[PDB]
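In each ligand, atom 1 is the first atom listed, and ligand 1 is the first ligand listed. Every chain is numbered from 1 and lettered A, B, ... according to where its sequence line falls, protein lines coming before strand lines.
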Amino acid sequence: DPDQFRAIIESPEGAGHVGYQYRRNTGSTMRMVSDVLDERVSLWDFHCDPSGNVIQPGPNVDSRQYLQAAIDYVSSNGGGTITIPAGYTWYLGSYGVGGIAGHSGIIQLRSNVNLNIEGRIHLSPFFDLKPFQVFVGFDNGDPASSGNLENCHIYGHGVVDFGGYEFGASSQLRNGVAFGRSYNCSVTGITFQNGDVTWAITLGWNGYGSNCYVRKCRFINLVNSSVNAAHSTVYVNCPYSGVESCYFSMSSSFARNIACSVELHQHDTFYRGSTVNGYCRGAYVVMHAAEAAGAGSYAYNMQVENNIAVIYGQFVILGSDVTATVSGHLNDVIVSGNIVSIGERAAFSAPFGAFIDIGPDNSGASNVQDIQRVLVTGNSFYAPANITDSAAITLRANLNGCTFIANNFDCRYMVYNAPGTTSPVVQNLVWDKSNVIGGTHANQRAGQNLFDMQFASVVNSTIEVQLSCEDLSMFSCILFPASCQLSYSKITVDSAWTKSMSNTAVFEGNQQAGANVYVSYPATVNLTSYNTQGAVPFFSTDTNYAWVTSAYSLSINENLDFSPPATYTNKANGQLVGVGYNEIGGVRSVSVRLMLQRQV
Amino acid sequence: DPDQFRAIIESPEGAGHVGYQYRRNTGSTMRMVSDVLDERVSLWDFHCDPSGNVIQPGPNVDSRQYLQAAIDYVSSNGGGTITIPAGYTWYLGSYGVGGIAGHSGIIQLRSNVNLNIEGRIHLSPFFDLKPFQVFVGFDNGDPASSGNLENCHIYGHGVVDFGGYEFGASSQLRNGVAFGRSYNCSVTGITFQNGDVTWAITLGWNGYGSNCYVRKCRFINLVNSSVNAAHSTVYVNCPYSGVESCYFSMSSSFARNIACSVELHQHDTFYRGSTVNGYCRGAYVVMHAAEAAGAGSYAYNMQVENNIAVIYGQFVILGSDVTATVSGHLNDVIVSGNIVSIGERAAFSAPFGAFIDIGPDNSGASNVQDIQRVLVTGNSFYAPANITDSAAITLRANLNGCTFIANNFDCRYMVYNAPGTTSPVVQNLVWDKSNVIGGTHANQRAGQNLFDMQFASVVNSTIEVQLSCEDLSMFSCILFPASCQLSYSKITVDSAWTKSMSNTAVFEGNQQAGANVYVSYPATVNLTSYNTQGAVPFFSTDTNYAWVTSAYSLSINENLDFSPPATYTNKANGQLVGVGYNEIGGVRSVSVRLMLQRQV
Amino acid sequence: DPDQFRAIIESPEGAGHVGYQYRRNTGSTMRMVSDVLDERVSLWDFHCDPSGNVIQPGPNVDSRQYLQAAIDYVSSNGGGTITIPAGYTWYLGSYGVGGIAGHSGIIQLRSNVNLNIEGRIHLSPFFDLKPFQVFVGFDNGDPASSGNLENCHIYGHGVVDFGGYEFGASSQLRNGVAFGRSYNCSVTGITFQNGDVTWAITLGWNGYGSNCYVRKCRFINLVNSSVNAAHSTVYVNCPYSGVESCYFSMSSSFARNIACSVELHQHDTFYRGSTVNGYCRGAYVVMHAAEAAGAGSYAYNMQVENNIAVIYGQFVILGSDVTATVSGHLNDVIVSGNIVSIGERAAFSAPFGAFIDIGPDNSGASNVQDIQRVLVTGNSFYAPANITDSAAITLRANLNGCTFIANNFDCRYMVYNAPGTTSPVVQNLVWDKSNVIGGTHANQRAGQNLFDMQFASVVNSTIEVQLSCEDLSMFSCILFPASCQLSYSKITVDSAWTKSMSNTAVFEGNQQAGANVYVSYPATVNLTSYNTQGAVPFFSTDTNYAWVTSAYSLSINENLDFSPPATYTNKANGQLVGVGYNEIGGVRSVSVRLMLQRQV
Ligand SMILES: CC(=O)N[C@@H]1[C@@H](O[C@H]2O[C@H](CO)[C@H](O[C@H]3O[C@H](CO[C@@H]4O[C@@H](C)[C@H](O)[C@@H](O)[C@H]4O)[C@@H](O)[C@H](O)[C@H]3O)[C@H](O[C@@H]3O[C@H](CO)[C@@H](O)[C@H](O)[C@H]3NC(C)=O)[C@H]2O)[C@H](O)[C@@H](CO)O[C@H]1O
Ligand SMILES: CC(=O)N[C@@H]1[C@@H](O[C@H]2O[C@H](CO)[C@H](O[C@H]3O[C@H](CO[C@@H]4O[C@@H](C)[C@H](O)[C@@H](O)[C@H]4O)[C@@H](O)[C@H](O)[C@H]3O)[C@H](O[C@@H]3O[C@H](CO)[C@@H](O)[C@H](O)[C@H]3NC(C)=O)[C@H]2O)[C@H](O)[C@@H](CO)O[C@H]1O
Ligand SMILES: CC(=O)N[C@@H]1[C@@H](O[C@H]2O[C@H](CO)[C@H](O[C@H]3O[C@H](CO[C@@H]4O[C@@H](C)[C@H](O)[C@@H](O)[C@H]4O)[C@@H](O)[C@H](O)[C@H]3O)[C@H](O[C@@H]3O[C@H](CO)[C@@H](O)[C@H](O)[C@H]3NC(C)=O)[C@H]2O)[C@H](O)[C@@H](CO)O[C@H]1O
Ligand code: NA
Ligand code: NA
Ligand code: NA
Ligand code: NA
Ligand code: NA
Ligand code: NA
């Protein structure tokens, strides 16, 4: 048998016959070399032909079956981490089988089986013009019948490369990682690049899942064709999950019209600390009734914070909707610390530029939403001067509340909705005086209202307009068409930089006269006094001030021989009246800039 | 000796006789296989019986001595990283010995010895009803006599499972990781679950330590019994240390009354980017005089940012206290970007709901604190409408300053302390007008004051109340009992949504008359004029306005034949007086809503 | 040949003859032991003499050539990760050769070759008093002729120790990691310590590079001598790059005058979540025209967020400058969530304390900058009471815009520039009323203006001063010297805590009279009435009020027999005039505190 010894050694069992003890420590386990090598595993351990000879990866080799055999085997031992070695590109060239075939799946992920991707995974041209989802954690073609994927992490310095292939048809779907009904799963460090896909990563399934995250990943050039119907790089569809410290970049013209970086679709989800360039949209924050199975009908505790973006459309898009039996609700959202610009483009050349959009549902309905208790604070937004279609908020569907405090918005509109489109019902819209309104679009606003209140109704709302520079081009600071009801609201226009404006606040239906409307704004008023020497009344010539509770002078008095009143009340006939002083008698006639006040 | 060759090879020294050169590179080191295997180490290298045969882990095997032998040996070589292999559960079934026995220690950590926990560490039922601290970095039973633990990191995808065992007695202590006097130590990635413990992780010891962190960890179901006296998942007791991007969840009813996610107890500490569900409390931020040995008597540079929480009690609890010889101080705190809700519960069913609590000391003393220079900004807080016991701040102990700017608070009270309890001394409480006060509790506030100023005294404080909707249920917006002194303060109530309120600001001791009190609020006032045609005075019927410096009309004038004054001063007898206008003579009698102003 | 078998086995090819199959899986690859060992690589694989015998590291061994041979070889295979083993200190004792010699380079980094530093890398005394850059990613002495460094990550629990050696001459440069023209490079986890260097890490080169990051690193004691000209621990000189969750500490007195933690020099860069102690400065945010080659002439999307600092000079320093052919621009910056203190020091003992500094260029020019669209929000700043030289903003060079909202600034000055120095041109400076002004420096401000507007001109600016306590020591709240033009601006001083101030707002050139200046502030005014019983005019004795549009009483009326007017206008001769009431006749003389208003 010393023949058998040499033979044993050269055989696949040879390492199992060579002894080892850690650092020659006599207190350590007496092991065999194979035991120590068995502590780790790589694709090389499965990337072999039927006789066991290793196969080199490359563009003419389909690595799929080998990677799947590796995952299957490690799963059978309770899990571990498979390395995809550095220094090689591992091509995938066929579809998987079984439960992932209903998802156009390539590789099936398994619980407790982690992938350390150090090398590159590329798609072969077998996938050109076809659907695919590269890594799939469902174990059934019907997600409702799927088991869970748990404790599965994909990480490393490596790369998933989608081969540059365009979509074959708009109806197709393409994904990088679908974790499925996914609990404690994550992707960290990986670069996803060079594709035309629907998503790079999806987390959860209709609210099933928990604790799934995307961290320190890069997503580069993942839309490239006019065939691609839509793209959102990460879709978060389970609670207690999020995206942090990622980098998203697109260069395609199509991406400026179709691509969104993240979608948050379940409660207790976040998007923070990320950088986006070249995209249409930053994030959807939406509660879809259709997605309410696993974690309820409410999206709450939604956080979009500390991101950096250059986009062409809207930064954050809010939504909720209904099905026949389920109603979706969105509340308790915070959008904070973000610095966002609309990139250089012509006006109207991409979807309407906005920091916040209150969007209709997927079928265009604007009367299904239940969105409230949103806080938008400490963000910056800029849009170049030429971009007419830029707003701090485009309010296009019913809104039950949104609060803006201490932002800096430098764009064409503050509040906007297109007239003759939707007529949203608006409650609890709060625009605090601490919102700074920039000057980039000064002189560009002919015909336009800075706050264009194109709504069915506004209730329990606050708009405290404060300019920081002049813009005499604008038609008004805030305008309410006669079709918009206004009640139980506070609307103020600070006088600074308004002395030369002919219109400040405009109420085309006289809505400022409502019983519970609290307003103030500047106006110019012509007055005429009685003749009397001494204390003498001045009265407005016009009679449109029956709503005014007090007014006071914003003008100097160039006269020596008299002074108009400093302050005014009204009279039943709608004149203002106040008591001035004639040092010498005579009828006086003056035109004065006043702060008109109602109940404030 | 070719017999000895075969024998050498099969022996524990065999790998030390098989040559190796990296990738057949002739410029590489001529090594032996054992040298390459010696670059890594796992528990398997020590998990062996006295004859060196490997032992399989499992519920009837106590892995403690093997893990300790591994740590001891790697420490002896200057450190390294021990893997706790994936695919196995490693049970701990006895107490450690030596310096950790005074801490109910199981495993002793050692400097530069890292644990990569990929598999699961479970506690055996030996620990049921007993104290324990699983990993302990002290090397002495008396922490004052302990050496340091340095450069010790615990990380991986694995799990520490506390076996579900309840506490045996309230007085017992249980911990996962006590790093001790810990410098550059960390826990990353690990799931701590299934226990009834006091803490999961503690960092530092009485201010000794530095640069210790908890990142991307999960803490799940760590309270389960009514025996557990108290739980705080991470206790940070060294400077330059913190918690980031963690997940905390509890399901026990007891956790809603006793559990806190983090405690920050030393300067330059942080809690950010984390998600909490099912807990009583978010974070304590406290300078205990008793803990002031290693880093001084001041907790400064304390940061609670960008967290997401559903809790049942208080979000942030501030404190400082004294011993006979040391006085603790808390200053330079920021609480920012947090989104927090009180979970669904009955009123008074858990500790009083609050965003910020200024808590007494551990013995209930409210006159020992030195808390100042705190900034609370850009946070959201919500509590359901039924939860009477919910406040933006419960101010229950002396306060030397706290600043609120640009938050959104939607709960029952803004400022609250219970009457007939403590009478805190309050300085430098600043509530900026940019705090938005939500409407969820509108109509729920019968008998209640929105700002209930139940203090001994208030000085150098600012309360700028701004409503955003009506709540005519409330007794007042702000009330000062006669027992609260008020001086050198600014108190304003914006008129919006207040026209129908009978009380806006209430000063039960006439404190608004103080020399350095600056106030304004709406009131209804009855006036009567003299008969005279022309400019004519109107005087208040009541005489309680000797403190008023000016007042102006918040009401329209329904009359044609006269107008009351737009603006009023006072007279020595406490009447208001202003000059209106009688177009026709006659004594006039009117009831007007005024903005009463003092020194503003 | 069984002689040759034993011989084969003991030779460097021996492991290539011992068979292995993973976990005895018959479906796995039939490999050799050497194949499995070849999956990893360490310095030990190259740290050998010319005959291949391993060399032990230590202070008398220069490890440089071995580490370079390792990097060179792994590069030749397409990359991988080289471990620098734990438990050893690896000394570097000579300069590298080739392309890195022009950079005083020691080690040349190569693309796709990662370093896992678990042990310690120390500099030997060969480097004492000499320049050095430890790791260099340029491949040419001229960076303009360099190739790129891509996909190179340095990470681990290890340490780079600079040996404590002082600089030999101020003109020398020292660096830890210069990634060069660096794309997807990073440093994670590493401690840099014990040095006198210029930088620890630099990212990019003149805008060439992308996606480079520094995360969870520590930088400890990296300045130690008066020879060191300047230090900035991380210099970010490529876009889409940043620093997060790092720790920076200095103990040297020299560091308080010279050291800065980070510099952001290209667009889409960030500095977040970090802690700094012992430094002069927090971060420069600068667009240098000289550095504009690779990513354009604009620094935009610059983020400084959520940091904790104790510094001695300025927190954030803004800049832009020009060369003959290129003009640098800085815009779209956010500074948010930071908590910053000037450490204990004497007044004037370190560079002028500031939260924000608008600094000149490197040659002192203050008329080259183009800095605008900056948002500073939700930060705290404190400086001890004695530190005269402390300001929220030192505005020392031309400024095209900066917006402050909802900060808490507790220091000597709000806005400051030294008189008789630079006279900056100021546009779009916005100080919102929601900035809280602390009280630490109350009583310290004799001779001083809280807002000291020492500028050539101010346009399109807003200063809304709101005190929160009294400081009657100060000369004024805001002062404009006659040399500062003021136009199209809003300047307000809230009356709270101002009743006893003799000066509130001071316009030494009467600038508040400008046509488009909107102001309000308190003043004391002496008035005298006519004799007449009844409605009767009161007129100011002084004639300096021709600019006043309205005024109203901030004083009570102690009289029964008359009342002064509640509100006043002006007259052409610059008197105020209003209508009061004489119940009994007689000339009245009163001194009243008024809110003077112009166009507000
Ligand atoms: C691209 C994108 O994210 N758009 C956002 C809107 O999403 C809706 O439209 C997209 C268009 O791609 C998705 O619908 C497509 O896909 C669904 C789901 O695919 C099936 O189920 C998978 C689990 C399985 O792997 C697949 O093989 C398919 O069987 C398909 O049913 C639709 O017909 C198809 O148009 C998106 O669906 C969700 O996708 C996420 C992520 O994969 C899943 O977790 C959810 O279960 C899907 N939800 C539903 C209700 O089916 C649609 O929700 C989005 O509504 C709006 C507003 O936020 O923004 C767009 O940007
Ligand atoms: C649970 C919690 O964190 N509660 C917070 C309050 O903490 C105080 O009460 C808790 C109750 O558990 C702790 O006191 C218990 O433990 C201490 C410390 O244990 C000893 O020293 C350890 C180093 C050693 O391992 C152990 O074997 C024990 O010898 C004990 O002395 C008390 O009798 C006991 O009730 C907590 O003590 C601190 O614990 C941290 C973390 O372990 C240590 O770093 C500190 O050294 C301990 N501090 C002191 C002064 O001993 C008490 O501080 C807390 O005060 C309030 C306010 O923030 O909030 C509660 O939530
Ligand atoms: C210390 C610091 O960061 N100070 C900040 C100012 O930086 C300027 O001054 C410093 C002083 O050290 C640097 O100038 C020194 O270095 C440059 C660059 O070195 C050469 O090129 C390297 C690529 C190469 O490795 C070296 O061998 C040298 O050949 C040198 O040209 C100067 O003579 C010398 O004084 C700094 O230069 C930049 O350094 C970064 C980081 O290394 C490089 O990426 C840039 O390419 C250099 N930029 C230029 C224009 O050469 C100077 O920019 C800084 O201006 C101000 C304001 O932000 O703040 C100081 O804190
Ligand atoms: Na499908
Ligand atoms: Na309508
Ligand atoms: Na003890
Ligand atoms: Na009292
Ligand atoms: Na050089
Ligand atoms: Na000038």
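Side-chain atoms of B/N367 and B/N398 form no donor-acceptor pair, as typed in the model, at a separation below 3.5 Å.
Figure legend: cation-pi geometry between C/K130 and C/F126, with NZ or CZ positioned under 6.0 Å from the six-membered ring centre and within 45° of its axis. Judged by the 6.0 Å and 45° rule, B/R598 forms no cation-pi pair with B/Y518.
Two rings, from C/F162 and C/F127, have their centers 6.0 Å or more apart.
Contact of the C/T394 side chain with the C/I358 side chain is not registered, since no non-hydrogen atoms from C-beta on lie closer than 4.5 Å.
Residue C/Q485: an N/O/S atom is found under 3.0 Å from the Na ion (ligand 9). Among the atoms of C/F455, no N, O or S atom is found under 3.0 Å from the Na ion (ligand 9). Among the atoms of C/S483, an N, O or S atom is found under 3.0 Å from the Na ion (ligand 9).
Atom OH of C/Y488 sits in a sparse spot, with 12 or fewer heavy atoms from other residues, nucleotides or ligands closer than 6.0 Å.
Remark: C/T492 pairs with no residue by the side chain to side chain donor-acceptor pair (under 3.5 Å) rule, at least two apart or across chains.
Sorted by chain and number, the protein atoms of type N, O or S within less than 3.0 Å of the Na ion (ligand 8) are C/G102 O.
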